[PDB]
**Student:** 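This is the structure I want to talk about, given as structure tokens.
Values reported hereafter were calculated over all heavy atoms of this structure, with side chains retained and with hydrogens, waters and symmetry mates removed. In listed order, ligands and their atoms are each counted from 1. Lettering of chains follows the sequences in order, A, B, ..., and the numbering in each one begins at 1.
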Amino acid sequence: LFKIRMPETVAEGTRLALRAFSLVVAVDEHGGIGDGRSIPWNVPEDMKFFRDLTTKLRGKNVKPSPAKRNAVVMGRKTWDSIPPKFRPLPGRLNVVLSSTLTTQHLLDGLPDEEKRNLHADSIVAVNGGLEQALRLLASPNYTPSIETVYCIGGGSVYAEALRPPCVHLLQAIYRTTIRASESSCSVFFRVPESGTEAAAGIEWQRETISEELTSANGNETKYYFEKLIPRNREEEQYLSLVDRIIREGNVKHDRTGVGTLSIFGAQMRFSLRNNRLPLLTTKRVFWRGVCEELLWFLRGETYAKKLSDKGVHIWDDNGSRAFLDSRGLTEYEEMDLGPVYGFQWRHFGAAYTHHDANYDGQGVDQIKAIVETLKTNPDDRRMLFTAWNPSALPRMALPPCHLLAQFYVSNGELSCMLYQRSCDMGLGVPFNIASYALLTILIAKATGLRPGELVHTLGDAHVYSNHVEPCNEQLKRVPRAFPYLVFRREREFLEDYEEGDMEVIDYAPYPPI
Amino acid sequence: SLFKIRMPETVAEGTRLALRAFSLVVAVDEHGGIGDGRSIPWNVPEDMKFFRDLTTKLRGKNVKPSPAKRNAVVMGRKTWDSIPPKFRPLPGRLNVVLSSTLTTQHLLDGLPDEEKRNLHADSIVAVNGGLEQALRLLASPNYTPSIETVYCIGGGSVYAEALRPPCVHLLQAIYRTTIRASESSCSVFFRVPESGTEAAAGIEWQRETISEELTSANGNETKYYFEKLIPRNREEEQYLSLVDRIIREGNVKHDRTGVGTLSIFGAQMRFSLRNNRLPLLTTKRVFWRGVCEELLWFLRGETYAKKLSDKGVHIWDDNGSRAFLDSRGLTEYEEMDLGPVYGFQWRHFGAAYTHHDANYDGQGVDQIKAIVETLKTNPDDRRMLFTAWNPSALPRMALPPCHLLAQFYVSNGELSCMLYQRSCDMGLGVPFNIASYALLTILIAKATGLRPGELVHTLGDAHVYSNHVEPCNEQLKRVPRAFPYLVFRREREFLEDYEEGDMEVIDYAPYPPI
Ligand SMILES: NC(=O)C1=CN([C@@H]2O[C@H](COP(=O)(O)OP(=O)(O)OC[C@H]3O[C@@H](n4cnc5c(N)ncnc54)[C@H](OP(=O)(O)O)[C@@H]3O)[C@@H](O)[C@H]2O)C=CC1
Ligand SMILES: NC(=O)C1=CN([C@@H]2O[C@H](COP(=O)(O)OP(=O)(O)OC[C@H]3O[C@@H](n4cnc5c(N)ncnc54)[C@H](OP(=O)(O)O)[C@@H]3O)[C@@H](O)[C@H]2O)C=CC1
Ligand SMILES: CC1(C)N=C(N)N=C(N)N1OCCCOc1cccc(Cl)c1Cl
Ligand SMILES: CC1(C)N=C(N)N=C(N)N1OCCCOc1cccc(Cl)c1Cl
Ligand SMILES: O=c1ccn([C@H]2C[C@H](O)[C@@H](COP(=O)(O)O)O2)c(=O)[nH]1
Ligand SMILES: O=c1ccn([C@H]2C[C@H](O)[C@@H](COP(=O)(O)O)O2)c(=O)[nH]1
């Protein structure tokens, strides 16, 4: 009615084409991985590392299961190299690439029968390459049930993962180096030199490298582990700005003595193409809160309790009876924030009485109008909305911070720019980037467009003196690949979307600082 | 009175020009020699002529020098001495002589006859100091803006002072004639510092022009050539390269009209407003007078475009005409009555609108006044911004705001400003917008005891019109020159009372029409 009806192109725009994945490999001092039939060395330490890496789930105490586990992709020749007693690999979805062998054909080559019924759901053959597997793994019954997809081998498989379109989906490369006294390899693994067309535009950098370890294989073979990740220039934008703000920002102390380092005016860009979701990796982002709050904004809500009831307490300090009163909002029921954010978005200028009254047709519905223009006249330059209403400011628990957004369209993609007057680089900005990335994504799905990019304009960009110590540490971390957002379900109206309708996959942020 | 914004006692001390900008003319041989300490070792009539025309002529055409409008030349006392009394002072120019031994009267007494010193009294002034003191004198009201361009004309000591801070930062151009002198044996030299060296002080001298090798009719067939160097203007380059990127990578788009553009989404540029600098682009003259009249017009919260048209500023005629207004369904508006646009929102945000001449005193939110007050008591407040983008009022506006948001920031007594423009015509709009908001920051600063800092410009739909691509590509050939400056010849009791004539842009030398 006064809600926004999603078109019939809802799911296509954000349908995941290929699932992201990681790569594991052991290599000798020459890049050798095998002679074509087997691995010419025996370092049990690497075997354990491989077992644990591809088996373990990130969550604490979560044991693999059809509901939640990792998958492993391997060339058919690699499947045959594994002794039948060790097949299929336990706790992981075994995926085999074969133009001939079928799923059951693999189940038959196993010793037991009272076992093949257990592995029925643990093995799958794909008549195609890694790409074909990545597409199969991206479908609904594998995503997000499968937490991480690991390419575990086959010279040809590694080779395919290192060329487009697969390399663009490689989140990390775990490479073990074995200083073997022997050199009997004919199948290798090499990462294209930077700048080369073979590199694709990716620059692999070391996140970690172990000390030189000595194997207990009887030969004291020397080896070491190493982790490579694709340079995330977008997150680097953010780290660079924080660092600049800390090293050259103006120093100020407010009426309480609260210190800040700041600059005025900055801009960042983030891609939202192909399901990409710019959730910073150097410090985990409270995605569940971001999502619940945005949906909350879009519905034009003003009652913070709906948030705190879901475990999202970001608005508690500003919706308390105490804070409301310090604002002169003595008559607002507690947690009633007044005509903030979402209300102005959907009912700009309308008079406010109390949260959750019906406001149909009151004020200007900026979001609805932009939905219409985006669909009929995409070149329009008036497609923006604001929560900055000087007339209503006094009635707000707080004045809007991210206060303006403008949309733009080119090549069938929706782009958005956010204007933020005050930016806490440490605790706010990452949250804000997430919030508006999602907004652009949702608006794109509601207008038959595809997610383009988020442009973030910052006014007062700052770092609180306190946060300086923590931030300097976070700045040492090399950013990781960004995660992806998928929709497990769609809705008839934009206002009916729920946090559970969507899921962030392949998000592997660094631990707390 | 209370509806207006009263200027403080510091209104003039803050935008007060400390030093006047200048240019430098010099003739050096191939080893950087300029003289033996007493005179110039060579005789090249053509250079003497170049010097004469360059320092005497005023910009434009058929404008002869006059006491109320001419250039000035600054020279050391030894250079003044080297000129034969029969040529002193240099006609058509204010001759400024640096000296700690001779007064202005002593300079006059040193002239040949009385008929010469009597007439030539308003053409000579001696300053008891160096080039810097001279530039400060020149910055005073009786010399600025009356003096169009200041030229440093010599004395090794003077050239040296012009090439080191604080003076080099005010050096807008270097006109250097190189004499290919057969034999050279000077004792006084000159030489510009290379890019990247400390002595250059971050300045990257660019060669705007260089003549072909010329032969002097001095009798010795002496070879010589001319050069004009300019301090690289990175700021204007932000704009040129953005235009160039739009043309090469921009997406094609069309207006409701059907007119095509090339555009990119989201960009940002910065401009310093320190020491009276005003970012008026040089690769294409900007209509300053219209910029100023309109900006003041916004500040008063005006909505009647005829106030501008009656001042030879017709930038609003096309959108305030009976025809355009009817096309917008605003038939109850008298012609040129734009509706609650721009300034109306700035000073009376949210106020109901009827007609441009109704009394709106105290109606709606006066965002400008509120910001001026926070700026003077709580400078680090992070909510200092105003907006003309009022969803409620849009339908009643001739057209929705382009530059729709502005936020201020303070640091070290300096005022910075951030403009947010949703749509940006790079060719004809953007240069104008940068100028107006640079002006705004300066006026707000003057109104709050602050000094102009920086202007940050955020661009939304940044585009170049199809019918401008070619002419723009051309403009892109030009190497931008140094920006001009802004000075106020007088002040006002209230912000709303300032007039375009209260201020003047000086040392603005844009390239001629493409
Ligand atoms: N050092 C290490 O960490 C590792 C080393 N290895 C070593 O690597 C060597 C194996 O490498 P390699 O010969 O490349 O073999 P792979 O293990 O990659 O197997 C290749 C086979 O996978 C299938 N396949 C690959 N691409 C496709 C496709 N696009 N469509 C259909 N089927 C496809 C084919 O099966 P089919 O023939 O049925 O059509 C194919 O012949 C061995 O020596 C093994 O020991 C293996 C893993 C790890
Ligand atoms: N090639 C060219 O284009 C030019 C060459 N020349 C050559 O340059 C040589 C002259 O150079 P140079 O000896 O450096 O002389 P200058 O022409 O620079 O004169 C220096 C004199 O100017 C005055 N002065 C300079 N700075 C100050 C100050 N800070 N405070 C007070 N007075 C100051 C002093 O006057 P006082 O002593 O009275 O106190 C001083 O001795 C000559 O040979 C002349 O021919 C000159 C102009 C141009
Ligand atoms: C593990 C190993 C080399 N080590 C690392 N670091 N990465 C891999 N991808 N590997 O290869 C896994 C495929 C080959 O697996 C086997 C080959 C022979 C016996 C057994 Cl039990 C297994 Cl699992
Ligand atoms: C002129 C000259 C070198 N030429 C150029 N291009 N630049 C200068 N700065 N000059 O020096 C001017 C100071 C000395 O001027 C004279 C010296 C002797 C006689 C006469 Cl009539 C004059 Cl104006
Ligand atoms: O979405 C938001 C909301 C707030 N902040 C930060 C900026 C400031 O550090 C503080 C709000 O204080 P003021 O700017 O209003 O003073 O919260 C953000 O970064 N993002
Ligand atoms: O201050 C201004 C006013 C207008 N424009 C330009 C931008 C657009 O090219 C056109 C206005 O059209 P819309 O964006 O409203 O469609 O005028 C500017 O660049 N600056």
Side-chain angles (χ1 to χ4, degrees), chain A residues 23-27 33-34 38-39 41-43 45-51 53-54 72 74-75 78-79 81-83 85-87 89 150-154 157-158 174-178 189 223 225 379-382, chain B residues 24-28 34-35 39-40 42-44 46-52 54-55 73 75-76 78-84 86-88 90 151-155 158-159 175-177 179 190 224 226 255-257 259 261 263 294 315 319 342 399-404 419 421-433 436-437 459-465:
Chain A
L23 189 155
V24 195
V25 58
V27 93
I33 67 177
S38 172
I39 295 169
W41 64 73
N42 213 287
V43 186
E45 292 77 18
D46 175 65
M47 272 291 331
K48 173 168 185 170
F49 174 67
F50 171 80
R51 189 92 308 160
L53 172 67
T54 62
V72 154
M74 67 184 88
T78 291
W79 170 265
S81 78
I82 297 179
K85 57 168 298 184
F86 299 119
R87 298 178 313 192
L89 302 168
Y150 288 102
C151 176
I152 73 160
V157 181
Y158 291 143
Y174 297 85
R175 184 183 62 200
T176 304
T177 287
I178 305 298
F189 170 80
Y223 73 93
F225 302 100
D379 283 344
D380 181 283
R381 307 158 178 149
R382 286 77 169 284
Chain B
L24 186 164
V25 296
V26 58
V28 307
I34 62 168
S39 58
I40 296 165
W42 57 77
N43 165 56
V44 177
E46 301 80 359
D47 168 68
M48 194 65 66
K49 180 186 184 61
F50 172 73
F51 169 89
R52 190 194 67 177
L54 174 70
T55 67
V73 282
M75 74 190 92
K78 292 181 180 179
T79 292
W80 164 268
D81 289 346
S82 83
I83 306 179
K86 54 172 178 293
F87 300 137
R88 283 144 63 172
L90 304 175
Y151 285 104
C152 176
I153 68 166
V158 185
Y159 287 141
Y175 295 87
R176 178 185 62 201
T177 304
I179 306 308
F190 172 87
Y224 69 96
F226 302 105
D255 312 353
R256 283 169 255 59
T257 315
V259 188
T261 64
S263 72
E294 179 191 54
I315 65 184
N319 287 131
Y342 289 111
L399 44 178
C402 241
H403 43 105
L404 59 87
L419 159 68
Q421 196 177 329
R422 63 175 177 81
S423 187
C424 316
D425 171 17
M426 298 307 284
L428 299 164
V430 176
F432 192 96
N433 295 302
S436 44
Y437 275 82
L459 305 267
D461 185 323
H463 54 274
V464 173
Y465 277 84

**Student:** Main chain of B/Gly35, side chain of B/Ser39: is a donor-acceptor contact present, judged purely on distance under 3.5 Å?
**Tutor:**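 Not a single qualifying donor-acceptor pair exists.
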
**Student:** With atoms numbered from 1 as shown, which atoms in ligand 6 lie under 4.0 angstrom from a non-hydrogen atom of B/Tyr465?
**Tutor:**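 Those of ligand 6 that fall under 4.0 Å from B/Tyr465 are 9 (O).
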
**Student:** Contact between B/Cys402 and B/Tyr342 at the side-chain level, heavy atoms closer than 4.5 Å - yes or no?
**Tutor:**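 Touching, per the 4.5 Å side-chain cut-off.
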
**Student:** Under a 3.5 Å cutoff, is there a donor and acceptor pairing between the side chains of A/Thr176 and A/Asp46?
**Tutor:**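 Looking only at side-chain atoms, A/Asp46 and A/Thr176 do form a donor-acceptor pair, the distance falling under 3.5 Å.
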
**Student:** Do A/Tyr174 side-chain atoms and A/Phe50 backbone N/O form a donor-acceptor pair below 3.5 Å?
**Tutor:**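 No; zero donor-acceptor contacts below 3.5 Å.
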
**Student:** Any nitrogen or oxygen of B/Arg422 lying under 3.5 Å from a nitrogen or oxygen in ligand 6? Just yes or no.
**Tutor:**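 Between B/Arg422 and ligand 6 (N or O atoms, distance only) the closest approach is under 3.5 Å.
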
**Student:** Tell me which one of A/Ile152, A/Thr177, A/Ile82, A/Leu53 gets a heavy atom nearest to atom 15 (O) of ligand 3.
**Tutor:**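 Minimum heavy-atom distance to atom 15 (O) of ligand 3 goes to A/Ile82.
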
**Student:** Just jot down the ligand 6 atoms closer than 4.0 angstrom to any heavy atom of B/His403, in number order.
**Tutor:**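 Going through ligand 6 atom by atom, the ones under 4.0 Å from B/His403 are 1 (O).
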
**Student:** Check for me whether B/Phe190 has a heavy atom closer than 4.0 Å to any atom of ligand 4.
**Tutor:**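 The answer is no: ligand 4 sits nowhere under 4.0 Å from a heavy atom of B/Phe190.
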
**Student:** Heavy atom of B/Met426 under 4.0 Å from ligand 6?
**Tutor:**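 Under 4.0 Å: no for B/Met426.
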
**Student:** Can you list the ligand 6 atoms lying under 4.0 Å from a non-hydrogen atom of B/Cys424?
**Tutor:**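 Selected atoms, number and element: 19 (O).
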
**Student:** Classify the contact between A/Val24 and ligand 3 as side chain, backbone, both or neither, using a heavy-atom distance cut-off of under 4.0 Å.
**Tutor:**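 For A/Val24, backbone and side-chain atoms both sit under 4.0 Å from ligand 3.
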
**Student:** Backbone, side chain, both or neither: what part of B/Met48 comes under 4.0 angstrom of ligand 4, heavy atoms only?
**Tutor:**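 Contact part for B/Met48 vs ligand 4: side chain (C-beta onward).
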
**Student:** Nearest protein heavy-atom contact for atom 3 (C) of ligand 4: which residue, which atom, what distance?
**Tutor:**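 Heavy-atom neighbour on the protein nearest atom 3 (C) of ligand 4: B/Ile40 CD1, 3.5 Å.
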
**Student:** Considering only heavy atoms of A/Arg51, which atoms of ligand 3 have at least one such atom less than 4.0 Å away?
**Tutor:**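 Listed by number with element, the hits are 23 (Cl).
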
**Student:** Could you see which bit of B/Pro84 sits under 4.0 Å from ligand 4, with heavy atoms only: side chain, backbone, both or neither?
**Tutor:**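 Answer for B/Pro84: side chain.
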
**Student:** I'd like to know if B/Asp255 pairs up with A/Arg381 as an ion pair, taking the criterion as any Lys NZ or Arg NE/NH1/NH2 lying under 4.0 Å from an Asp or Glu carboxylate oxygen.
**Tutor:**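 A salt bridge links B/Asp255 with A/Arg381.
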
**Student:** Side chain, backbone, both or neither: which applies to A/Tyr158 and ligand 3 if a contact is any heavy-atom pair less than 4.0 Å apart?
**Tutor:**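 A/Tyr158 to ligand 3: side-chain contact only, backbone stays beyond 4.0 Å.
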
**Student:** Distance under 4.0 Å to a non-hydrogen atom of A/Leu89: what atoms of ligand 3 satisfy this?
**Tutor:**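 Matching atoms, with element in brackets: 23 (Cl).
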
**Student:** Mark up the atoms of ligand 4 that fall under 4.0 Å of a heavy atom belonging to B/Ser82, in ascending order.
**Tutor:**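 So the answer, numbered in order with elements, is 17 (C), 18 (C).
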
**Student:** Relative to atom 2 (C) of ligand 3, which among A/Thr78, A/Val72, A/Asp46, A/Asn42 owns the nearest non-hydrogen atom?
**Tutor:**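 Residue with the shortest heavy-atom distance to the ligand atom: A/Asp46.
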
**Student:** Using a strict 4.0 Å cut-off to heavy atoms of B/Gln421, name the atoms of ligand 6 that fall inside it.
**Tutor:**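 It comes down to these atoms of ligand 6: 18 (C), 19 (O), 20 (N).
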
**Student:** Which of the listed options, B/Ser436, B/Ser423, B/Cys402, holds the heavy atom that is closest to atom 3 (C) of ligand 6?
**Tutor:**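 Of the listed residues, B/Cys402 has the closest heavy atom.
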
**Student:** If we set the cut-off at 4.0 Å for heavy atoms, which region of B/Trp42 has an atom near ligand 4: side chain, backbone, both, or neither?
**Tutor:**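 Neither; nothing of B/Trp42 gets under 4.0 Å from ligand 4.
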
**Student:** Could you check whether any heavy atom of B/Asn433 sits closer than 4.0 Å to an atom of ligand 6, since that is the contact criterion I want to use?
**Tutor:**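 Right, B/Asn433 reaches ligand 6.
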
**Student:** Counting non-hydrogen protein atoms only, what is the nearest one to atom 10 (N) of ligand 3? Give residue, atom name and distance.
**Tutor:**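 Going by distance alone, atom 10 (N) of ligand 3 is nearest to A/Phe50 CD1, 3.8 Å.
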
**Student:** Give a yes/no on ligand 6: does B/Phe432 have at least one heavy atom closer than 4.0 angstrom to it?
**Tutor:**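 So B/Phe432 does not count as touching ligand 6.
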
**Student:** Compare B/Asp425, B/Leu428, B/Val430 and give the one whose heavy atom is closest to atom 6 (C) of ligand 6.
**Tutor:**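 That would be B/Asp425.
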
**Student:** Should A/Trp79 be listed as contacting ligand 3, given a heavy-atom distance under 4.0 Å as the test?
**Tutor:**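 It does not; every heavy atom stays at 4.0 Å or beyond.
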
**Student:** Looking at B/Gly429, which atoms of ligand 6 are within less than 4.0 Å of one of its heavy atoms?
**Tutor:**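 Listed by number with element: 19 (O).
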
**Student:** For B/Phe87, state whether at least one heavy atom is located under 4.0 Å from any atom of ligand 4.
**Tutor:**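 The answer is yes, since B/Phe87 has a heavy atom less than 4.0 Å from ligand 4.
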
**Student:** Pull out every atom of ligand 6 sitting under 4.0 Å from any heavy atom of A/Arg381, numbered as shown with elements.
**Tutor:**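 Counting atoms of ligand 6 from 1, those under 4.0 Å from A/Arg381 are 8 (C), 9 (O), 12 (O), 13 (P), 14 (O), 16 (O).
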
**Student:** State if A/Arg175 counts as touching ligand 3 under the rule of any non-hydrogen atom under 4.0 Å.
**Tutor:**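 The answer is no, since A/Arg175 has no heavy atom less than 4.0 Å from ligand 3.
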
**Student:** List ligand 6 atoms under 4.0 Å from B/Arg256, heavy atoms only on the residue side.
**Tutor:**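 So the answer, numbered in order with elements, is 16 (O).
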
**Student:** Is there a nitrogen or oxygen of A/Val25 sitting under 3.5 Å from a nitrogen or oxygen of ligand 3?
**Tutor:**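 Yes - when backbone and side-chain N and O of A/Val25 are compared with those of ligand 3, one distance drops under 3.5 Å.
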
**Student:** Within a distance under 4.0 Å of any heavy atom of A/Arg382, pick out the atoms of ligand 6 and give their elements.
**Tutor:**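 This gives 13 (P), 15 (O), 16 (O) as the contact atoms.
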
**Student:** By number and element, which atoms of ligand 3 are closer than 4.0 Å to a non-hydrogen atom of A/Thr176?
**Tutor:**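 Atoms satisfying the 4.0 Å criterion: 6 (N).
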
